[PDB]
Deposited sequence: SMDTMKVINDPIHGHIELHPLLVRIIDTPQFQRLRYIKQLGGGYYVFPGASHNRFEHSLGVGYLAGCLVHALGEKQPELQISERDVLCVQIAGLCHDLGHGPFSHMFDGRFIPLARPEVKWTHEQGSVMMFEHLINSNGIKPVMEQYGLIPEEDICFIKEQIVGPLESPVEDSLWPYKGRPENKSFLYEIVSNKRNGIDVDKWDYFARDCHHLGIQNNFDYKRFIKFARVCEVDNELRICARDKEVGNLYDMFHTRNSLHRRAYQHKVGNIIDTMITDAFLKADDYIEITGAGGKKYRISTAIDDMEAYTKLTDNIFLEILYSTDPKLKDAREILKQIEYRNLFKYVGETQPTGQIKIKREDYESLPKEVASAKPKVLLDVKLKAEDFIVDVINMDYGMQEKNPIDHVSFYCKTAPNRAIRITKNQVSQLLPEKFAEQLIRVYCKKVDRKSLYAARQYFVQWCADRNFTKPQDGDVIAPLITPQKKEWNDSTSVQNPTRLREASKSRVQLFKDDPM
């Protein structure tokens, strides 16, 4: 039946039946309720897009890439099984994302369970297992040629990396003669996945930013080529221009959107409300076990029901135990947001870790501003946001000469105050410039 979907970025998108059986599941439809840019919608009206449309776009591009490669280089032995496998992986890369996307894995779980190590990617593999175990997708895979064991491995390894983790070949879903396949959906080495292609295009389409690259061109002029004796997705030397444009694009999206002063403040605000509500909201999981926002990631049956909905559940609650949290959201509505204090950077290659996120506010309040301050602030009154951004650009990308196509030719720390009196704002700036100095961080300007 090959269902066709009309997407705003990719136009008509043909979907194989296995891809549909997966999409039409509770586990997968969950992304229809998780905004892609998270809190960015409270700054960009156009950012109403959710992770569902993204996951579809990534599946469509991942397949376009493998199929084009296999058609131009039959030697590579790219099979239709491989095509379908890469498609499913790109279709589930974000299946593990939580409410408001990055807010959840980058700031919420870190401040809620600092001892835990959670990643949207780990979550993706776990939800994939849940999806294929709760919707009997295993037999459907066999029916369409896939080899369940081997192929499920291949897909998960495409989403999270060598599972079993100067040596040899670490993957176990596919051999080394097909290494290039592991570079389509997620590849931070060259920093060019098909995921980034879709998210750049779509976040640009909806946010209002101009997209300068043309994924279609790459897909056409792409070719597997030998680099340091390894099969790698290379591209013609003429695409350098397009690549630079793509990097420009990436930079613009980060500066104007992903690192937006207010959008990030609204993120820390929502996170605060969640933390204040974490001891009261109940997400029912397996066997009725009542998980919490922070603990729901331990039972995929509940993480299925953990979406952006929680936000409104909080806003519309009557439970007095959720007043604190609810009022934070009410603040957002009225636009009585946290007040920006300053911005600093770690020194050297130091990078603050998630396990130490909860400590940052306290260190700020425990500082001793030289000039004695009238008002004394406490941590609870402080918010410390750590913004991560992921090296010369085109030098790390591989290229091939058209005559011989087979061969080849970071952290921002922002401090915001929950109090708005001119007084407390001045005191926060003092505590902040101190924390920077006594932790050896750049001089706030």
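Gaps in the model relative to the deposited sequence occur at 1-3, 169-171, 397-401, 421-436, 473-516, listed in sequence order.
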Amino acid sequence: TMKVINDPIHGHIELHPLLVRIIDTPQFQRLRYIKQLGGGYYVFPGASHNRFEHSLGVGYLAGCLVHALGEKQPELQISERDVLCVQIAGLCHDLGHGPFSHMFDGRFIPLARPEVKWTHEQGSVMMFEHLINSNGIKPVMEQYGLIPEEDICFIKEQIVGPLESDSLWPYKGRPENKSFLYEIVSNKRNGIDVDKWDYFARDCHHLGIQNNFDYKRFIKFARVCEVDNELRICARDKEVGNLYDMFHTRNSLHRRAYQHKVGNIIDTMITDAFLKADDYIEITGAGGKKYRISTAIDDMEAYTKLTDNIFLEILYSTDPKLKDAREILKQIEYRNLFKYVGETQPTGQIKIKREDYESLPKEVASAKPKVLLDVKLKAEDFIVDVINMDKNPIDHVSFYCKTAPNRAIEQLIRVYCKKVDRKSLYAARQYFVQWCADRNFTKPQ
From here on, numbers count along this sequence of modelled residues.
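The deposited model assigns a higher average Cα B-factor to 370-378 than to the other stretch when 370-378 and 114-122 are compared.
If you average the C-alpha B-factors over 222-230 and over 332-340, the higher value belongs to 222-230. The residue among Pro99, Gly287, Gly263, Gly106 whose C-alpha carries the highest B-factor in the deposited model is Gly287. As recorded in the entry, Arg407 carries the highest CA temperature factor of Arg407, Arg30, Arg414, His49.
Annotation for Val43: CA B-factor lies in the lowest third of the chain's modelled residues. Among all modelled residues in this chain, the alpha-carbon of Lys305 has a temperature factor (C-alpha) in the lowest third. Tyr244: CA B factor in the highest third of modelled residues in this chain (values from the PDB entry). Ranked within its chain, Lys35 lands in the lowest third, by CA B factor from the PDB record. In this PDB entry, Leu312 carries a Cα temperature factor that places it within the lowest third of its chain's modelled residues.
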